[PDB]
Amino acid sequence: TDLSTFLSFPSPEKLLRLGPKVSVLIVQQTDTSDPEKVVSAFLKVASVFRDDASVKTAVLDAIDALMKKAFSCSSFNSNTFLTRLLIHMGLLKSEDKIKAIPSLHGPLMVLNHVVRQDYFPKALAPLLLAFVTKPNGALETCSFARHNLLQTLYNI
């Protein structure tokens, strides 16, 4: 109902408004077995991330709920998740030729957190490493988030 207006036009404000149960809502109004689905909910929520304590907590909790459930469902294929994820972030080209998200600071800040979590399948690390560490990829500079991510990834 109202969660649908947040997903159409992600916003840090609209996010806070969903209330203390955004964790449960996102997990419910989302098909956590379809890789393409989860990727969309991930990127969207991830584009709302920000340093503000209020928001930061909300976004990372929602993601934890979303991905924890996703990576748990046997039917869910993490490789497709990653692959499609790299796709939407415009790191990995595709056949459908999907139009990549505008900014990448949000997903990269969330990915560092995500990757540090247990629910994250460690065999995905290197694939992600290779594209986040791809020197000529969409990533064009000395990102701050990029360094932490990368550091965490090699550390794995």
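Start at 1 and count along the sequence shown; that's the residue number.
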Average Cα temperature factor in the PDB entry - higher stretch of 84-92, 27-35: 27-35
Stretch exceeding the other in mean C-alpha B-factor - 8-16, 134-142: 134-142
Maximum C-alpha temperature factor, selected from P102, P107, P121, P126: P102
Third of the chain's Cα B-factor distribution that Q117 belongs to, per the entry: highest
Cα B factor band for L43 (lowest, middle or highest third within the chain): lowest
Lowest, middle or highest third - CA B-factor, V59: lowest
For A53, the third of its chain into which the C-alpha B factor falls: middle
